[PDB]
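I have placed the structure first, in the form of structure tokens, so that the comments after it can refer back to it.
Below, read A as the first sequence line, B as the second, and so on, with proteins coming before strands; counting in each chain starts at 1.
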Amino acid sequence: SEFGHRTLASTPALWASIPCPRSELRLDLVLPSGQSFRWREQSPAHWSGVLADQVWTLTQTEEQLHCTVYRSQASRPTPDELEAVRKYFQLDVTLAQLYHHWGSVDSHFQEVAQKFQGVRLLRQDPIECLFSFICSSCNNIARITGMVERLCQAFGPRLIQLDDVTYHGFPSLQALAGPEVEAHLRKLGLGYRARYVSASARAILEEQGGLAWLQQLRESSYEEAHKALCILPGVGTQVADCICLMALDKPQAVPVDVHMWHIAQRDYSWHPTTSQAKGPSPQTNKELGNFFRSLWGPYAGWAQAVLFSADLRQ
DNA sequence: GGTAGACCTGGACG
DNA sequence: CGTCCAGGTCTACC
Ligand SMILES: [Ca+2]
Ligand SMILES: [Ca+2]
């Protein structure tokens with residue numbers, strides 16, 4: 001059929017594949033696990049969302065990642081658009097090599113890794129990542145997903161429509177900085193988070209030097225990046241780490257949330273040493289982050305993604 | 001300097 | 001139905 005979300009079976013000539021074993025990527029363990037909140041399994045095993053300013057549907061077989069794009073006459077994805085997908089999933093990073101290393105230096109990781117292969121980090125846009133996680137504050141993935149769709153629907157560029165779903169690109173800084181945005185977001189149910197969205201958009205455009213400021217952070221060191229980000233309203237240590245890890249190429253960035261705390265205590269019998277508090281606090285969270293870094297190495301943030309994602313399946 | 005409490009909400013239970 | 005919960009952050013105050 002010419003309409004609705006496609007499936008690999010229904011429109012074969014419209015899909016192109018990318019060599020990618022499931023051991024290197026598990027869409028069902030990455031896409032809905034709290035990295036990006038903009039992917040939906042519209043059809044069993046088929047995930048649709050905006051990628052590189054276009055709508056796509058992705059699905060995998062044992063050795064292939066099948067892709068289709070909705071831009072003109074419908075056609076299979078081109079090699080270049082396909083590279084956009086490989087970039088998004090950072091496929092040049094061999095997951096089996098990381099899993100092996102983490103497994104060698106951490107017996108518990110190896111145990112869990114046996115049943116959760118394919119968890120890697122998406123390489124996201126700084127803007128979407130910054131605002132999606134500002135909304136993650138005291139929030140569950142599903143509610144977060146809801147706020148983000150509404151926020152994009154109301155302020156993002158309109159793309160194409162599949163069935164009764166109209167896709168929207170992520171809002172720009174200018175749109176998020178616009179007048180009465182907060183009030184509109186509040187009506188969209190973002191709660192106090194509405195305030196931070198507006199505030200951080202204005203702060204970036206009117207105080208920090210605009211988009212270029214956020215983007216040039218990719219070249220900065222994790223330490224610098226993380227400090228800069230904590231300036232913005234609504235961006236604390238956790239939100240800042242999520243951003244450094246998922247959007248600024250800071251693989252040693254380790255987000256420390258309630259999940260990681262439970263994991264630390266329950267699976268590593270971890271306790272704060274230099275910290276004053278016994279539970280979550282700005283000092284204990286920092287310490288726990290350094291604990292995971294000393295334990296997993298330069299890509300601790302990625303290792304973190306595996307266990308976090310695995311901890312959601314509980 | 002290191003906390004306790006305020007700020008929003010739709011599914012979650014008991 | 002009423003308290004609890006989820007990828008927190010901010011800040012007046014001890
Ligand atoms: Ca929480
Ligand atoms: Ca801040």
Q) Mind checking if C:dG7 and C:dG8 stack, meaning centres of the six-membered rings less than 5.5 Å apart and planes less than 30° off? A) no

(Q) Any side-chain N or O of A:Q276 below 4.0 angstrom from OP1/OP2 of B:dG1? (A) no

Q) Tell me the salt bridge (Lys or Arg N to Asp or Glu O under 4.0 Å) pairs involving residues 174-198 of chain A, sequence neighbours left out? A) A:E182-A:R186, A:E182-A:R195

Q | Of residues 241-255 of chain A, the positions that come close to DNA chain C - non-hydrogen atoms, cut-off under 4.0 Å | A | A:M246, A:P255

(Q) For the P atoms, the ones on C:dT9 and on B:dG11, what distance do you get once it is rounded to whole angstrom? (A) 24 Å

Q. Counting only heavy atoms not in A:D28, do more than 12 sit closer than 6.0 Å to its CG atom?
A. yes

(Q) Parallel, tilted or perpendicular: which one describes the rings of A:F89 and A:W39, with boundaries at 30° and 60°? (A) tilted

Q: Taking atom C1' in both C:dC10 and B:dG1, compute the distance separating them and give it to the nearest angstrom.
A: 16 Å

Q) Near DNA chain C, which residues from residues 192-204 of chain A have a heavy atom under 4.0 Å away? A) A:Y192, A:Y196

Q. Between which nucleotides of DNA chain C, read 5' to 3', does contact with chain A run, using atoms under 4.0 Å from its heavy atoms?
A. C:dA6 to C:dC10

Q: Quick one: which residue pairs count as a salt bridge (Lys or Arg N to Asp or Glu O under 4.0 Å) with a foot in residues 207-236 of chain A, not counting sequence neighbours?
A: A:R218-A:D249

Q) Quantified in whole Å, what is the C1' atom distance between nucleotide B:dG10 and nucleotide C:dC1? A) 16 Å

Q: Using the closest heavy atom to pick a nucleotide of DNA chain C for each, name whichever of A:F133 or A:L232 lands nearer the 5' end.
A: A:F133

Q. Which residue, A:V256 or A:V235, contacts DNA chain C at a nucleotide closer to its 5' end, judged by nearest heavy atom?
A. A:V256

Q) Given that both pair distances must be under 3.5 Å and the pair must be Watson-Crick or G-U, what runs of three or more consecutive pairs involve DNA chain B? A) B:3-7 with C:8-12

